[PDB]
Amino acid sequence: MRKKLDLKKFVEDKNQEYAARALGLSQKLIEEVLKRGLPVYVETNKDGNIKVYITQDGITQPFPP
């Protein structure tokens, strides 16, 4: 939702654990987005639940695994 950010900077807060803790995806996947620097978005709700509107295959899917 227009909320895009350098996932690297987000991970840099602690590591991939925090980024994977706040977001909804595996670590390896986080690598895919982090190392490859793909267009990743995160739309938080309130209590902490957030979606990951990432850009791959030509679609913005909110990593809901």
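Each value, and the rule that gives it
- Residues numbered from 1 in each chain as written, not as in the entry; some residues may be left out.
- Heavy atoms only, no water.
- Helix = DSSP H or I, 4+ residues; strand = E, 2+ residues; numbered from the N terminus.
- Buried < 20%, exposed > 50% of the residue type's maximum accessible area, 1.4 Å probe, protein only.
- Contact = heavy atoms within 4.5 Å.
- Areas by Shrake-Rupley, 256 points an atom, 1.4 Å probe, with all protein chains shown as cover.
- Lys, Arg positive; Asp, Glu negative; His and termini not counted.
- Charge placed at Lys NZ, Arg CZ, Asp CG, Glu CD.

- As stated in the entry header, the method of structure determination is solution NMR.

- For the protein chain, the name recorded in the PDB entry is SN4m.
- The record lists the entry's title as "Solution structure of the de novo-designed lambda Cro fold protein".

Quick word on the overall build of the protein chain
Point 1. If you tally the helices and strands in the protein chain, you get three helices and four strands.
Point 2. Each helix and strand of the protein chain, ordered N terminal to C terminal, gives the series α-α-α-β-β-β-β.
Point 3. In terms of overall dimensions, the protein chain has C-alpha extents of about 30 × 30 × 20 Å along its principal axes.
Point 4. By residue count, 26% of the 65 residues in the protein chain fall in the buried class.
Point 5. Sequence separation of 24 or more characterises 34% of the internal contacts of the protein chain that already satisfy a separation of 6 or more.
Point 6. Carbon and sulfur atoms form 47% of the exposed surface of the protein chain, whose accessible area is close to 4,700 Å².
Point 7. Charge separation in the protein chain, taken as the distance between the mean sites of 12 positive and 9 negative side-chain charges, equals 4 Å.

Quick notes on the environment of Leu29
Point 1. Counting through the fold element by element, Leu29 comes out in helix α3 (residues 27-35).
Point 2. Judged by relative accessible area, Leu29 falls into the partly exposed class, the value being 28%.
Point 3. For the pair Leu29 and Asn15, spaced 14 residues apart in the sequence, the C-alpha separation amounts to 14 Å.

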